[PDB]
Amino acid sequence: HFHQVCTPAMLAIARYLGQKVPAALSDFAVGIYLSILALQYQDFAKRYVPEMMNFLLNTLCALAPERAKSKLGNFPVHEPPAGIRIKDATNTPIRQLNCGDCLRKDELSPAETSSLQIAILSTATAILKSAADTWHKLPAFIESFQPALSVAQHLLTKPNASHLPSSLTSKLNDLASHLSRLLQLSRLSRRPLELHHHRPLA
Amino acid sequence: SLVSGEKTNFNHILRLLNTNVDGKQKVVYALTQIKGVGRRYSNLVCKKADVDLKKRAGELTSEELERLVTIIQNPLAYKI
Amino acid sequence: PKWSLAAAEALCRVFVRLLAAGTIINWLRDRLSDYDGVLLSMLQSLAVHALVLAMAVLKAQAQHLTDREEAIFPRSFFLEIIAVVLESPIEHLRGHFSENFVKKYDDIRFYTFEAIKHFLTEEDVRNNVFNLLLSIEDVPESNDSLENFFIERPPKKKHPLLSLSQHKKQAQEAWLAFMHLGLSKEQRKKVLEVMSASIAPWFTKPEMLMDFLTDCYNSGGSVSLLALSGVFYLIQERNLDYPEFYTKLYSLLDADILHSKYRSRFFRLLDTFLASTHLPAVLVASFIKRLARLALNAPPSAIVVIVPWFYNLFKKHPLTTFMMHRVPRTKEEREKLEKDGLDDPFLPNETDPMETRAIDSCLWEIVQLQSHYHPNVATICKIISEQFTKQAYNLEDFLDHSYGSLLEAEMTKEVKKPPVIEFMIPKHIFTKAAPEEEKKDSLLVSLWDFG
Amino acid sequence: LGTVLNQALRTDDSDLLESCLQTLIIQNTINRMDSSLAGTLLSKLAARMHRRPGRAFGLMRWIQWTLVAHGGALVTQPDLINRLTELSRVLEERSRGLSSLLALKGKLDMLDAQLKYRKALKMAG
Amino acid sequence: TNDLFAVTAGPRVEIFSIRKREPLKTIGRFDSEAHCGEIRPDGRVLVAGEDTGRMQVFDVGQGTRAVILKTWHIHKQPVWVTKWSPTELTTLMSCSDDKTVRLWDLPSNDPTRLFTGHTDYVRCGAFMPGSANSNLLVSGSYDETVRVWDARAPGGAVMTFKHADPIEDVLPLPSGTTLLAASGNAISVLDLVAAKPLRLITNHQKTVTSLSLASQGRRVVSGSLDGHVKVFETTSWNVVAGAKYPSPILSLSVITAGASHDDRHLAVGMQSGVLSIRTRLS
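(A) A look at the overall build of chain A. When you go through chain A residue by residue, the secondary structure sums to seven helices and zero strands. When the elements of chain A are put in sequence order from the N terminus, they spell out α-α-α-α-α-α-α. For 202 residues, the compact-globule estimate of 2.2 N^0.38 gives 17 Å, and chain A sits close to it at 18 Å. Taken along the three principal axes of its C-alpha coordinates, chain A extends 75 × 40 × 25 Å. Relative to all contacts within chain A whose residues are 6 or more apart in sequence, the contacts with residues 24 or more apart total 72%.

Next up, the structure:
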């Protein structure tokens with residue numbers, strides 16, 4: 001419940017997570033890194049990181065195939081300032097993320113940025129899948145993962161599936177089906193609240 | 001639809017020099033509720049304090065609350 | 001030019017002495033005019049001591065360059081001094097001028113305001129005069145609260161310099177001149193920050209602030225959050241309205257305000273706005289449910305603010321505690337609810353708060369936020385979970401809390417209480433598969449390549 | 001001050017009316033304000049026209065700019081012509097003396113001009 | 001005929017003299033608040049409701065008399081308004097803030113009747129003036145609803161009108177035909193014989209606080225958080241006159257003299273805690 005060292009590091013993750021509107025794909029990558037770090041921190045002690053879920057949905061909309069238009073959760077949608085978003089590169093496949101991505105490159109090639117962004121999207125799909133798996137409890141499930149389904153079907157739209165490869169499309173379809181099944185689970189399990197059923201004193 | 005409630009929160013427990021528990025009955029009733037302080041001495045305190053007897057506890061702002069506090073610490077430099 | 005400065009201060013000495021003492025008088029005043037020129041040069045030169053020399057000879061001019069008893073001093077020459085002060089880049093000159101003279105004297109304040117009015121009637125200089133207007137903060141309360149003048153405390157007893165309404169009028173005219181010439185975006189931001197405390201008091205009639213504030217308030221967003229302070233200011237002082245106030249606030253509170261830096265001031269306005277008395281249960285339940293759905297995305301440094309306020313609202317109205325504890329009453333709906341799970345009748349993104357159905361919702365948000373990574377946040381939802389013992393939870397013990405505050409808290413803990421460690425560490429910290437140990441790999445290794 | 005104007009005139013305020021009338025921004029306020037409220041303004045400024053005819057420098061410029069920004073309001077709702085019709089009688093009381101109000105000045109302003117000379121004989125004297 | 005009328009501001013009530021315009025007697029026997037003091041039109045007994053939900057009833061002579069007759073704590077929830085019946089010497093109504101409006105007779109220790117139907121904060125209500133208007137009661141809520149019940153059938157409301165604003169105040173006309181419902185800056189006259197709305201009138205920036213009847217059942221007065229008091233006709237309901245007060249007012253009444261009910265003076269009770277009384281004498 002408390003540690004003098006451990007959960008202060010969780011607080012550090014909280015700061016650099018809820019803050020840091022991303023200005024570079026290095027910031028995207030370090031956010032992904034601390035997202036899976038906070039995953040490992042909060043596994044089998046299923047606590048909740050709203051800053052993590054916010055930043056996850058934020059990079060899903062900030063990779064911006066077409067645009068984040070309207071009615072996309074209550075997480076703060078920010079802007080990709082230097083055009084930090086995917087282009088019509090459907091041939092660059094996914095890959096696995098590396099610590100070199102923690103280095104900035106303004107001379108970076110568009111092919112490298114497209115492969116890097118598609119890798120970021122695939123890894124983020126895996127992150128949201130694992131987060132839904134470890135957070136299938138916690139009865140605010142629907143109210144915390146309906147924006148996930150929103151950004152999911154928004155990127156499932158054809159003006160975004162045009163830029164997305166079929167690998168990212170299949171990953172996102174699997175995540176969407178899993179999330180719909182789990183939303184059905186949480187909706188069937190949803191109950192009203194009776195908190196203070198107080199035991200009367202003598 | 002916008003009516004100021006800057007005074008409606010008054011019926012609650014107050015902390016003092018000796019006790020931490022004090023509701024509202026009267027200003028002199030609270031000062032009798034204070035240990036070691038009686039009714040007539042409490043009347044002396046409020047007439048010296050200029051605080052109106054008609055009011056109750058919780059109706060009293062900070063500077064005059066602490067004025068009652070100071071004059072119940074020292075009863076001598078104020079004449080008695 | 002130090003010996004030039006010595007000659008200058010000795011010249012001020014002999015000038016104030018010849019004035020305080022008193023075909024030739026033409027040159028006797030020509031001395032003073034060429035000295036006005038010399039003082040302009042020595043002010044554009046040290047300049048702080050030259051400014052002291054300037055205020056001294058201005059006093060001498062008021063004192064004895066007239067035949068009446070009335071101590072009139074040159075508004076024109078003082079306006080030239082004003083122009084060269086606001087045009088010179090010396091920030092220390094401007095600071096010495098503000099602190100030592102304008103923040104002290106009411107004559108200097110008032111005639112400074114009228115000189116500003118003329119000088120702005122006729123961008124760097126805009127920022128200079130803007131920082132000086134921001135430097136003037138305090139408002140006198142009464143005509144006997146003025147009570148200090150550099151020269152000529154007037155025996156008129158109806159003098160405009162003796163009347164506090166004329167001082168606010170002249171500062172108001174300087175402020176109207178600045179806003180009508182138009183100020184920068186960030187300048188507008190700082191004004192909207194510090195308006196209700198040191199600017200909006202300085203106006204006789206702040207109704208033009210009502211107009212411009214409802215403009216920048218219906219503009220939307222963070223500028224509306226900043227403008228809400230002035231709207232509430234005018235509602236208190238000169239009670240003009242807004243048509244549908246609580247619905248505009250219901251539209252105003254949104255996702256990014258809990259990450260905004262001005263959320264503390266906004267929360268204080270929020271507490272008084274919902275601490276008003278004549279509020280319906282549907283309305284306060286609407287606000288509670290929306291800020292709950294927002295607490296699903298809030299920072300912990302904002303959760304610590306919002307939930308003791310939730311406790312206090314549940315205290316101030318007990319009917320909304322069916323969002324706290326809703327008992328199904330009949331076995332028929334009990335059967336229907338165990339058959340199909342309950343759906344939230346709360347309507348998100350609904351326009352009007354009195355017609356959102358946050359009535360018959362529940363605070364599943366806080367029963368989930370109980371499972372938080374931060375232990376004091378876990379307890380600050382546990383106070384919602386347990387019991388309503390205390391009469392009130394003050395908000396000043398929860399405002400001004402940031403991650404900086406949380407980190408210095410965990411740092412101002414003991415340097416080390418003897419800690420605990422995780423035993424049986426796997427050697428496959430960075431190993432990709434580890435299939436001979438039957439331990440599931442680190443997902444960070446499964447999703448990040450290390451080679 | 002346009003919302004201040006709108007507020008005052010739809011609750012029938014005189015103090016808030018006076019706060020707007022004590023003070024360029026006049027143009028701003030009237031191009032801010034609305035239409036039927038401009039008709040209400042016109043009616044009660046006609047009341048002002050009758051009850052106090054001193055220095056007109058502000059409010060007659062105000063009704064100018066009223067008819068500038070929302071003069072076309074009262075053609076789009078024309079049924080309240082007695083709003084305007086009641087201006088339309090005050091104006092000609094306001095011009096009665098102008099049959100000889102210049103016959104005022106010229107005999108008098110020469111007598112002014114005579115002391116300007118009798119001053120001019122003496123300050124040099 | 002009397003020189004008696006009572007005010008409340010906070011946890012106490014205060015009966016005042018008409019003649020000397022002075023606070024005749026202050027009563028602070030209330031635990032938490034005092035939401036509405038009301039004296040039976042006989043003229044010796046007051047009834048009031050605190051924020052604890054309790055209501056008290058007690059008698060007073062013509063000086064400092066505070067003899068406690070009875071009380072009730074059955075609402076378990078703040079009772080906002082209570083009123084005697086203008087016909088019987090025995091029965092009263094009380095809107096509690098929860099949803100409940102209910103009817104009492106002074107003999108027993110139980111309410112005679114109880115109506116529900118409202119949903120949000122119900123905070124105004126009174127009886128129905130009229131000789132034919134025998135057993136009828138209206139109550140308005142923060143649910144933007146006014147409902148009228150007959151007493152003989154304790155089912156639902158006989159009628160209900162919904163506004164777009166939380167309904168601030170309610171009163172009907174002594175002719176027994178119509179009622180004014182004050183909701184926001186606007187107040188609606190609504191017919192009760194045919195159950196039809198007659199006319200909406202607004203002349204206010206802020207929401208009307210209190211409304212009242214004037215000279216001979218003949219002119220209505222509205223007072224709003226704009227500090228604004230207005231008088232209107234009861235035939236044309238046009239703007240007749242009005243005045244301003246330096247604080248947002250909360251309550252108002254003009255009170256009369258005696259036979260023929262010629263008005264003595266206005267008392268308004270404001271947010272800044274001032275009861276002003278402007279008097280006309282004949």
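(B) Structural detail: the overall build of chain C. Within chain C one finds 21 helices and zero strands. For chain C, whose C-alpha radius of gyration is 33 Å, the value lies well above the compact-globule estimate of 22 Å for 451 residues. Considered along the principal axes of its C-alpha atoms, chain C spans approximately 115 × 60 × 40 Å.

(C) Molecular detail of the pattern of salt bridges. Residue and element names in this part refer to chain C. Enumeration according to the criterion identifies 28 salt bridges over all chains in this entry. Among the ionic pairs, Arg326 bridges to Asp360, the shortest N-O distance being 3.5 Å. Placement of the pair is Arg326 in the loop between α16 (300–316) and α17 (331–339) and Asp360 in the loop between α17 and α18 (364–369), with a sequence separation of 34 residues. One network of salt bridges, with partners in common, ties together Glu69, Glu70 and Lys156.

(D) Seen up close, the packing of aromatic side chains. Summed over the entire model, instances satisfying the criterion amount to 29 aromatic pairs over all chains. Each ring, one from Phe73 of chain C and one from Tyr111 of chain C, has its centre 4.6 Å from the other, and the planes form 75°; the classification is edge-to-face. Of this pair, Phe73 of chain C sits in the loop between α3 (47–64) and α4 (75–87) while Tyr111 of chain C sits in helix α6 (residues 106–121), and the two are 38 residues apart along the sequence. Across the pair, exposure class does not vary: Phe73 of chain C and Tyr111 of chain C are buried alike. For the pair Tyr242 of chain C and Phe245 of chain C, a centre-to-centre distance of 6.3 Å together with 70° between the ring planes defines the contact as edge-to-face. A residue is classified by how much of its surface remains accessible, and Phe245 of chain C, at 5% relative accessible area, is buried. Here a set of aromatic residues connected by ring pairs shows up, and it is made of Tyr217, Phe232, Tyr242, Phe245, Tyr246, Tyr250, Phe273 and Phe287 of chain C. Positioned over the ring face of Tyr250 of chain C is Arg290 of chain C, at 4.4 Å from the centre of the ring. Of note, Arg123 of chain E hangs over the ring of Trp80 of chain E, and the distance from its end group to the ring centre comes to 3.9 Å.

(E) Representation of the interface of chain A and chain C. Contact residues are listed per partner, giving 52 residues for chain A and 59 residues for chain C. Residue assignment for the side of chain A that touches chain C shows that the elements contributing at least two residues are α1 (6–18), α2 (25–42), α3 (50–62), α4 (110–134), α5 (141–156) and α7 (166–189) of chain A. Of the residues forming the side of chain A that touches chain C, the biggest block, seven residues, is contributed by α1 of chain A. Residues of the side of chain A that touches chain C, tallied by class, amount to 25 nonpolar, 17 polar and ten charged.

(F) View of the sheet that holds strand β9 (residues 91–96) of chain E. Residues and elements named next belong to chain E. With respect to topology, four strands assemble into an open sheet ordered β8-β9-β10-β11, the strand pairing being antiparallel. Strands at the two margins of the open sheet, each flanked by one partner only, are β8 (79–84) and β11 (111–115). Adjacent strand axes in the sheet meet at a mean angle of 20° when their direction is disregarded. Alignment of β9 against strand β10 (residues 101–105), held across five bridges, turns out to be antiparallel. Of the residues in β10, the one forming a bridge with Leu92 is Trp104.

(G) View of α6 of chain C. Residue and element names in this part refer to chain C. Given a rise of 1.5 Å per residue, 16 residues ought to cover 22 Å, and the 22 Å separating the end C-alpha atoms of α6 matches this to within 8%. The buried fraction of α6 is high, at twelve of 16 residues. The complete set of buried residues in α6 reads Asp106, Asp107, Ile108, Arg109, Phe110, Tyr111, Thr112, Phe113, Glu114, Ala115, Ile116 and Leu120.

(H) Quick peek at a nonpolar patch on the surface. Among the surface-exposed residues, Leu98, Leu101, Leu102, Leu104 and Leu108 of chain D lie close enough to one another that they form a single nonpolar patch of about 510 Å² accessible area. Its location among the elements puts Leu98 of chain D in the loop between α7 (81–93) and α8 (101–120).

(I) Summary view of the packing of helix α7 (residues 124–135) of chain C against helix α10 (residues 185–198) of chain C. Residues and elements named next belong to chain C. Between α7 and α10, whose axes approach to 12 Å, the crossing angle comes to 5°. Judged by the angle between their axes, α7 and α10 are roughly parallel. Between α7 and α10, the residues in contact are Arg126, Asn127, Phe130 and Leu134 and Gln187, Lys190, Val191 and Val194, respectively. Its residues assigned to classes, the contact of α7 with α10 comprises four nonpolar, two polar and two charged.

(J) A look at the layout of surface pockets. In this structure, the second largest pocket spans a volume of roughly 1500 Å³. Forming the boundary of the second largest pocket are 37 residues, of which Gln40, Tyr41, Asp43 and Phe44 of chain A together with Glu422 of chain C lie nearest the centre. Listing elements by their share of the lining of the second largest pocket, those giving two or more residues are α1, α2 and α4 of chain A together with α21 (443–447) of chain C. The class makeup of the residues in the lining of the second largest pocket is 21 nonpolar, nine polar and seven charged.

(K) Spotlight on the side chain of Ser19 of chain D. With respect to the helices and strands, the residue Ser19 of chain D is situated in helix α2 (residues 15–21). Here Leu16 of chain D takes part through its backbone oxygen, which lies 2.4 Å from a polar atom of the side chain of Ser19 of chain D. Residues in contact with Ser19 of chain D, not counting those within four places in the same chain, are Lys205 and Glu207 of chain C together with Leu1 and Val4 of chain D.

(L) Seen up close, the interface of chain E and chain B. Contacts between the two partners involve ten residues from chain E and, on the opposite side, eleven residues from chain B. Here the side of chain E that touches chain B is composed, by residue class, of four nonpolar, four polar and two charged.

(M) Here's a closer look at the pairing of β10 of chain E. All names here are of chain E. In sequence, β9 turns back onto β10 through a hairpin of four residues. For β10 and β11, the ladder comprises four bridges, and the chain directions are antiparallel. The residue bridging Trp104 from the neighbouring strand is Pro111, located in β11. Connecting β10 to the antiparallel partner β11 that follows it, the hairpin turn spans five residues.

(N) How the structure looks around the pairing of strand β22 (residues 228–233) of chain E. Residues and elements named next belong to chain E. With six bridges connecting them, strand β21 (residues 219–224) and β22 associate as antiparallel partners. Among the inter-strand pairings, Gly223 is bridged to a residue of β22, identified as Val229. Taking the residues between adjacent antiparallel strands as the criterion, β21 and β22 are bridged by three residues, where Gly227 takes a positive phi near 65°. Pairing analysis gives five bridges linking β22 to strand β23 (residues 239–244), with the strands arranged antiparallel. Paired with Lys230 across the two strands is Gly242, which belongs to β23. Between the antiparallel neighbours β22 and β23 lie five residues, among them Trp237 with a positive phi of about 55°.

About the thresholds
Positions are assigned from 1 on a per-chain basis following the written sequence, which can diverge from the numbering of the entry; residues without coordinates are not listed. All chains are assigned letters beginning with A, and all ligands numbers beginning with 1, in the order in which they are written. This view covers only part of a larger assembly, and the values given relate to that part. Values shown for side chains rest on all heavy atoms present in the structure; no hydrogens or waters enter the calculation. Residues with missing side-chain atoms are left out of burial classes, side-chain pairs and their counts. Runs of H or I in DSSP of at least four residues are treated as helices and runs of E of at least two as strands, each being numbered from the N terminus. In this setup the radius of gyration rests on C-alpha atoms only. A globule is expected at 2.2 Å times the number of residues raised to 0.38. Residues count as neighbours in contact if any of their non-hydrogen atoms are within 4.5 Å of one another. Salt bridge criterion: a side-chain nitrogen from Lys or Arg within 4 Å of a carboxyl oxygen from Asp or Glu. When two rings of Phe, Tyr or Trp (its six-membered ring) have centres within 6.5 Å they constitute a pair, described as stacked for plane angles under 30 degrees, edge-to-face for angles over 60, and tilted for the intermediate range. Burial classification: accessible surface area is computed with a 1.4 Å probe over protein chains only, and a residue below 20% of its type maximum counts as buried, one above 50% as exposed, and the rest as partly exposed. Distance and angle both matter: a charge sits over a ring if NZ of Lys or CZ of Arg is within 6 Å of the ring centre and within 35 degrees of the ring normal. Polar here means any residue outside two lists: the nonpolar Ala, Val, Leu, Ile, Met, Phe, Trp, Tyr, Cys and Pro, and the charged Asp, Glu, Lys and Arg; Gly therefore counts as polar. A pair of strands is treated as paired once DSSP finds two or more bridges between them. Only the contacting stretch of a helix is used when fitting its axis, a line to C-alpha atoms as for every element, and angles between N-to-C directions run 0 to 180 degrees. In this analysis, the expected span of each helix is defined as 1.5 Å times one less than the number of residues it contains. Residues enter patches when they are more than 30% accessible in relative terms and free of salt bridges; like-charged ones are connected within 9 Å and nonpolar ones (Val, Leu, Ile, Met, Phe, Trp, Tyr) within 5 Å. Computed with the Shrake-Rupley method and a 1.4 Å probe, the accessible areas treat only the protein chains shown as cover for residues. For classification purposes, an angle smaller than 35 degrees is called roughly parallel, one larger than 145 roughly antiparallel, one from 65 to 115 roughly perpendicular, and anything else oblique. Two kinds of site are reported from a 1 Å grid over the protein atoms alone, namely cavities, where a 1.4 Å probe fits but cannot get out, and pockets, open sets with protein on both sides within 12 Å along at least five of seven lines, and residues are called lining when an atom falls within 4 Å of a point. Grid points are joined across faces, edges and corners, and a volume is the space filled by probe spheres set on the points. Two N or O atoms count as a polar contact when they lie within 3.5 Å, although within protein this holds only if one can serve as hydrogen donor and the other as acceptor, and sequence-adjacent residues are included solely when both atoms are side-chain atoms.

Nothing here speaks to function; it is geometry throughout.
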